[PDB]
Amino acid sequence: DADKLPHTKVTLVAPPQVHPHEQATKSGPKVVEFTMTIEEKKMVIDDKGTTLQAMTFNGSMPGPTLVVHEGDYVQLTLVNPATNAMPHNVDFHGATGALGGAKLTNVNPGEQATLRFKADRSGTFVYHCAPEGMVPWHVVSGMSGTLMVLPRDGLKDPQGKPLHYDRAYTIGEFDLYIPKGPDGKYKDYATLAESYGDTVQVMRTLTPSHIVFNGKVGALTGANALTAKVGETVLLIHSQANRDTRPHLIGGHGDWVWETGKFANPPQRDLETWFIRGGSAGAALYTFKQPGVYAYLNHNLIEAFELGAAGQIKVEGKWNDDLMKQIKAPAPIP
């Protein structure tokens, strides 16, 4: 019975980081308490100044990643401030019943609610807003993120041997549908409500204007690149709440990958490219063996390089000539 369990309180952190947590643990089940506050805002999503009338959990795309263990109960307080214009809610794919909790968390601006559900299944799961009649709009405008439910004894390989990560990053990939006017320029809307009708028209074409990691072209590049060192294992959590994507690490691999994102299933190894189904979150482990700047992208290379679905990981350490060596540098042909 959940009433008798100890309660713990978790402080969320902004993507691409993930809040401190244990993997394998000796702890018994808890009611883990989180709070998120919805923020509607206009956001600049590319280098040329295009805006999106956006909607977010906790001010970021994606929302923050919530982490518990299998057997825990998630208890979320969802706050919709009066400064917002729209009603909202939350649908946890990791939860059982009531349209993922959507039916029990309908909050108008100035309202809040508290949902509890049992995280009885391990994996990365999408959570997203789902107000009746406007579900796709809320999702594609930015209202999604990941619940990671770790097995109580940590991750396991196909033979039941222990797996771990030394650092976790969360990447949300957003297919955006920004309208254009008669002049072929992207439209800038004074309010969220005014963007709706034009946006639905773009949505129905099924062609994104932009596809971005973490809310904007270049969000995870240059100074905002992910980081690691040779010998460190990274978990890359990839969520896509609306559309398929195909993650790849250039110069790397998915050492162990759960592309459907459910940890009770054996992972696949040595992947070049994996597949996240629209409406899901997946997870890949990789241990870096070479230093340098890696690209982490959607391997529809148009979607990556033209439309925005690409980032970087800057990796420190010592080059390894056994794994790779320039035998003869570029030089004239004999």
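In case it trips you up, residue 1 is the first one in the sequence shown, and so on.
Which has the higher mean CA temperature factor in the PDB entry, 179-187 or 260-268? Higher mean C-alpha B-factor in the PDB entry: 179-187.
Pick between 105-113 and 238-246: the one whose mean CA B-factor in the entry is higher. Looking at the recorded C-alpha B-factors, 105-113 comes out higher on average.
For the listed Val212, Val79, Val149, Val140, which has the peak Cα B-factor recorded in the PDB entry? By C-alpha B-factor in the record, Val79 ranks first.
Using only the C-alpha B-factors in the record, can you name which of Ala85, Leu99, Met203, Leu163 has the highest? Highest CA B-factor of the listed options: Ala85.
Chain-relative CA temperature factor third for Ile302: Answer is lowest: the recorded C-alpha B-factor places it there.
Looking at the C-alpha B-factor of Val13, is it in the lowest, middle or highest third of its chain? For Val13, whose C-alpha B-factor we compare with every modelled residue in the chain, the answer is the highest third.
Going by the entry, which third of its chain does the Cα temperature factor of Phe34 land in? According to the entry, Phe34 has a C-alpha B-factor in the chain's highest third.
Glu173's Cα B-factor: lowest, middle or highest third of the chain? For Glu173, the deposited C-alpha B-factor lands in the lowest third.
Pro64, C-alpha B-factor rank within chain (lowest, middle or highest third): For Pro64, the deposited C-alpha B-factor lands in the middle third.
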